[PDB]
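The block underneath contains the structure these notes are about, expressed in structure tokens.
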Amino acid sequence: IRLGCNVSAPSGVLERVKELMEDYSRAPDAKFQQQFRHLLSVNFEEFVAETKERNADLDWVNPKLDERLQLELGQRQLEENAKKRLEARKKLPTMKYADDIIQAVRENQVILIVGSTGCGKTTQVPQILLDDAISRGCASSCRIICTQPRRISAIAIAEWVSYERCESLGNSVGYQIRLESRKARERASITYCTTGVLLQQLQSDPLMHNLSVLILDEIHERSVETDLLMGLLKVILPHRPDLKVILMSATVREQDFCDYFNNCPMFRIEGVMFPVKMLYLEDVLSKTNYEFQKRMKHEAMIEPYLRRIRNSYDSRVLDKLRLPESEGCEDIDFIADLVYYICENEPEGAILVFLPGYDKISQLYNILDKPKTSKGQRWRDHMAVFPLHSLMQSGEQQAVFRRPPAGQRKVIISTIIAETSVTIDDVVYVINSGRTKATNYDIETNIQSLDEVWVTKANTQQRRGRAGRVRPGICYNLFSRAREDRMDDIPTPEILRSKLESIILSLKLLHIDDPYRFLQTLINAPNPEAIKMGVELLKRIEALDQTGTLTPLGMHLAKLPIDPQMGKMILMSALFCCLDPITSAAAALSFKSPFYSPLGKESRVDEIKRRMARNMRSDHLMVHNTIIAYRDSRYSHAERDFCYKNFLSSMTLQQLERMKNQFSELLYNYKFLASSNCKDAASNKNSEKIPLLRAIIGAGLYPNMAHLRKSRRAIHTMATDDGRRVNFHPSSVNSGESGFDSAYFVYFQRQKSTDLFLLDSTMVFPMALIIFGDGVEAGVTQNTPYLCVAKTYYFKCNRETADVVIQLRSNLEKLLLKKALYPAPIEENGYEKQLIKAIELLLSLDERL
DNA sequence: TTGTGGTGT
């Protein structure tokens with residue numbers, strides 16, 4: 001055992017802490033206690049009955065509305081706005097099947113519609129089912145929900161389908177996503193939403209009584225939400241005979257879904273696209289004759305393929321495919337030559353180059369921008385080059401989407417972001433390096449890593465169509481055809497890679513009490529070791545009790561749109577009056593940092609972060625400071641200048657602000673706050689006290705802790721509580737810093753790439769860890785009296801302080817248990833406020849003099 | 001000294 005610094009407190013302070021605890025301990029309407037007890041008392045049978053009663057609205061129809069819409073449809077079909085738009089809609093493949101689709105839905109509860117881009121299924125299939133019900137004079141009985149993986153999809157598809165109907169948004173077509181909606185009318189309507197919205201609405205309506213038609217789209221992409229929803233439909237659909245489901249998929253393991261729902265009807269709908277010629281590494285080295293130079297394994301794969309094709313390609317081509325570095329992005333200069341080649345031959349069109357990461361995007365960018373070769377210098381001023389990465393500004397500006405200046409060919413160097421989330425319409429030529437990066441989590445060693453990997457067959461299939469949007473394109477694949485056959489079908493479904501805390505807890509509100517029983521029924525069942533490890537985390541933060549049942553705290557957390565650890569942090573912040581800074585830190589960890597990282601500006605950006613951090617040694621507080629500065633710039637009408645100087649995304653910042661206000665209102669709705677403004681003065685009386693902030697930030701991120709032993713920019717010896725060596729990720733404001741007031745840090749995310757990195761961190765103090773943590777005991781190890789936390793970090797503490805801190809932790813526990821069962825804001829002068837003021841005092845001892 | 005991508009009445 002190694003002993004750390006002294007946490008003992010002066011007599012005057014311990015005297016006051018004790019006086020305050022005694023005030024608190026002298027204390028003597030909850031609908032929520034009734035709601036919580038009622039959830040736990042019903043079995044599943046009673047749960048299904050009761051929800052049927054509260055969501056009855058769709059048992060009611062409006063014949064005057066049925067008729068009036070039946071009438072306005074037939075009437076407006078003779079006008080000239082429609083009948084051209086009906087006629088151009090009849091050009092889409094999906095419409096050929098309308099009557100066969102209507103019949104399949106009528107005769108079956110679940111059916112599957114399989115089709116690729118341009119078949120129109122997403123825009124057309126809702127309109128078909130809706131205009132049918134209108135025409136038969138049912139319009140008021142028809143309410144259609146169509147889920148989408150991505151926010152942008154949901155809006156744009158909803159604006160489009162609305163235009164096709166000669167209506168503004170908000171009438172028969174609407175969209176709802178997180179914190180934004182243009183809702184359609186209540187009946188006879190189509191609603192596009194993100195898959196997550198539909199899941200949250202299950203809490204109020206777990207059997208989907210408020211919809212007549214559910215349409216899941218892009219289920220082949222295997223997002224966590226659509227996998228969950230399909231599992232949950234196996235539970236729901238037996239109790240909902242009148243409910244109609246349409247599954248929708250690309251042709252990517254489409255049988256998996258047809259299998260999963262009995263053997264249900266499957267429509268295949270032919271695509272609309274310009275053909276994109278597929279070439280491989282043999283075909284590229286055949287055209288450009290590029291020459292390489294500056295395990296095997298690889299020899300075992302390629303040689304058998306070379307034999308079958310030996311008379312279809314030159315012997316020097318086949319000899320190049322034997323080089324390990326011929327495949328992928330290992331040689332950037334090779335890719336550079338391919339871009340130059342397409343500039344020389346081939347018609348005008350944009351090149352989209354798929355490389356795995358930020359590192360490789362910079363390399364090709366520098367080679368294309370500052371060319372060393374003569375051919376590159378020829379082409380340099382004739383290319384308009386956009387790097388495209390989730391961290392770079394180009395995605396959020398207008399340039400990369402528009403066609404380039406005349407005489408310039410647009411070359412986009414992108415990550416997998418250009419596969420779906422971001423689409424550029426003028427791309428005619430796709431260079432697919434075949435390499436992407438992946439996050440893997442090893443459950444055994446508890447290390448998440450970020451590794452370069454080969455893409456899957458589905459990735460390549462998708463990237464090919466990115467060349468076929470405008471005219472016939474070409475897709476250049478920088479791997480052999482032999483590699484393709486070794487590639488997996490689809491990427492590992494997201495749920496097999498994901499932390500299960502949030503899902504497990506969420507199921508409890510749906511009266512799915514056994515996560516092992518339920519999660520096993522998905523298309524791909526998660527490792528039960530991941531389920532257990534999720535249950536254990538929820539038990540650790542006391543969202544589930546020892547027998548695994550929901551606690552009152554856990555029902556609250558289950559009701560916040562954030563992971564349960566950060567939901568708990570936000571609650572603490574209400575009780576401890578730091579609401580504005582803590583919700584900023586919470587919102588940024590859930591979504592993302594506002595900082596761009598443009599090419600070449602890295603150190604300029606490390607400077608801006610360090611500046612905004614205001615020497616507080618916290619990535620999380622640093623973001624809040626940024627949001628404070630952002631707000632002040634709008635009050636100053638300086639906003640746009642402010643975002644340019646500091647390399648900040650205004651789209652991200654406004655989104656953080658929306659998330660924060662959402663957490664404000666929910667907590668105010670739950671009676672933890674007196675005001676739904678996250679800037680409200682009562683809620684923020686502590687928001688200036690930085691040790692209190694670090695304590696609450698730590699309360700959320702515990703138990704992720706690190707200890708720093710070294711010196712030198714500076715060099716760091718640091719290890720997590722598990723013993724493993726780590727460093728601050730170079731993008732964290734703590735990288736290379738020295739002169740920390742404390743040797744302890746908490747972090748949200750640890751990731752292995754070229755080292756074991758803490759992606760984000762806050763400097764914390766031992767007294768805060770002890771109060772809000774667990775594994776606390778007092779003792780004597782050598783001849784020193786100690787106080788520990790997590791049975792890991794042992795601190796010198798005299799006995800008077802240990803006996804107070806431990807009495808303090810008991811009262812804090814008793815308090816939280818009360819506040820969760822009987823929600824009500826902490827009264828400013830009451831008994832509860834005394835215990836808060838006791839903790840404020842003890843934590844304030846670590847203030848910087 | 002370095003960062004695949006989604007998302008939550």
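Roughly how many nanometres apart are two label points built 7 Å out from the Cα toward the Cβ at A:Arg54 and A:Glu67?
Calculated label separation equals 3.7 nm.
In a solvent-free Debye calculation with one equal scatterer on each Cα, what is log10 I(q)/I(0) for the range A:273-491 at q = 0.16 Å⁻¹, listed in the order of the q values?
With one equal scatterer per Cα and no solvent, log10 I(q)/I(0) is -1.13.
Any idea what % of Cα-Cα pairs in the range A:492-550 are farther than 14 Å?
Summing the P(r) of the range A:492-550 above 14 Å gives 50 percent of all pairs.
Which peptide among A:343-350, A:212-219, A:538-545 comes first, and what is the full order, when sorted by highest mean count of other Cβ atoms within 10 Å?
A:212-219, A:538-545, A:343-350
I need the shape label for the range A:431-578. Rule: rounded when a/c is under 1.5, else prolate if a/b > b/c, else oblate, with a, b, c from the alpha carbon gyration tensor.
Prolate, since a/c reaches 1.5 and a/b exceeds b/c.
Can you work out the PRE-style zone for A:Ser636? Point 7 Å along Cα to Cβ, and I want the residues of the range A:647-676 with backbone N under 16 Å.
Backbone N within reach: A:647-648.
Apply the Karplus parameterisation 6.51 cos²θ - 1.76 cosθ + 1.60, with θ equal to phi minus 60°, to every residue of the range A:509-522 and state each ³J(HN,Hα) to the nearest whole Hz, in sequence, with x for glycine and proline.
5, 8, 6, 9, 8, 10, x, 4, 4, 6, 4, 5, 8, 5
For the range A:29-272, what are Rg and Dmax over the alpha carbons, in angstrom?
Values for the range A:29-272 (Cα only, Rg and Dmax): 18.4, 62 Å.
Please enumerate, by chain and number, the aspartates and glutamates with C-alpha under 13 Å from the C-alpha of A:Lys320, excluding those fewer than 8 residues away in the same chain.
The reachable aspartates and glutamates, counting only those whose Cα sits under 13 Å from A:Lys320, are A:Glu282, A:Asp283, A:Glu291, A:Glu299, A:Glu303, A:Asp331.
Near the amide H of A:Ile113, under 5 Å away, which other amide H atoms are found, from residues 5 or more places off or on another chain, if H is placed in the peptide plane?
A:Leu247, A:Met248, A:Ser249, A:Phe267
May I ask for the Rg/Rh ratio of chain A, computed from Cα atoms with Rh as the Kirkwood radius, given to two decimals?
Computed over Cα atoms, the ratio is 0.99.
Cross-chain or 8 or more residues apart, Cα under 27 Å: how many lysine pairs in the range A:637-772 fit that? Count them up, please.
Counting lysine pairs in the range A:637-772 gives 11.
Mind jotting down the distance between the C-alpha centroids of the range A:324-398 and the range A:642-685, whole Å?
If we compute the Cα centre of each part, the gap is 40 Å.
How much net charge surrounds A:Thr191 when only other residues with a Cβ under 12 Å from its Cβ are counted (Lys, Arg +1; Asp, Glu -1)?
+4
For the range A:696-795, take the convex hull of the Cα atoms, compute a quarter of its surface area, and give me that in nm², please.
Across all orientations, the range A:696-795 yields a mean hull projection of 6.7 nm².
With unit charges on the beta carbon (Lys/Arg positive, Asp/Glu negative), name the residue among A:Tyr747, A:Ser732, A:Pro691 whose Cα is farthest towards the positive pole of the charge dipole of the range A:678-805.
Ranked along the dipole, the leading option is A:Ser732.
Compute the distance from the alpha-carbon center of the range A:174-191 to that of the range A:784-849, in whole Å.
Measuring centre to centre over Cα atoms gives 47 Å.
Put +1 on the Cβ of each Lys and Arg and -1 on the Cβ of each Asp and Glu in the range A:1-149; which of A:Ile134, A:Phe44, A:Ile101 then has its Cα farthest toward the positive end of the dipole?
Positive-end residue among those listed: A:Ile101.
Rule-of-thumb check for the range A:372-506: C-alpha Rg over 2.2 N^0.38 Å?
Compactness ratio reported: 1.28.
So if I take the centroid of the Cα atoms in the range A:707-733 and the same for the range A:502-568, what is the distance between those two points in Å?
32 Å
About its Cα centre, how strong a charge dipole does chain A have in debye, to the nearest 20, once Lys and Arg get +1 and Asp and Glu get -1 at the Cβ?
1600 debye
Along the principal axes of its C-alpha atoms, what lengths does the range A:57-127 span, in descending order and rounded to whole Å?
39, 36, 18
Which three extents, in angstrom, do the Cα atoms of the range A:590-741 have along their principal axes, listed largest first?
Computed over the range A:590-741, the largest-to-smallest principal extents equal 46, 37, 23 Å.
Any read-out appearing in this document is the output of simple, stated calculations on the displayed coordinates, not a laboratory observation. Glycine gets a Cβ as well: all are built from the backbone with ideal geometry, and neighbour counts include every protein chain shown.
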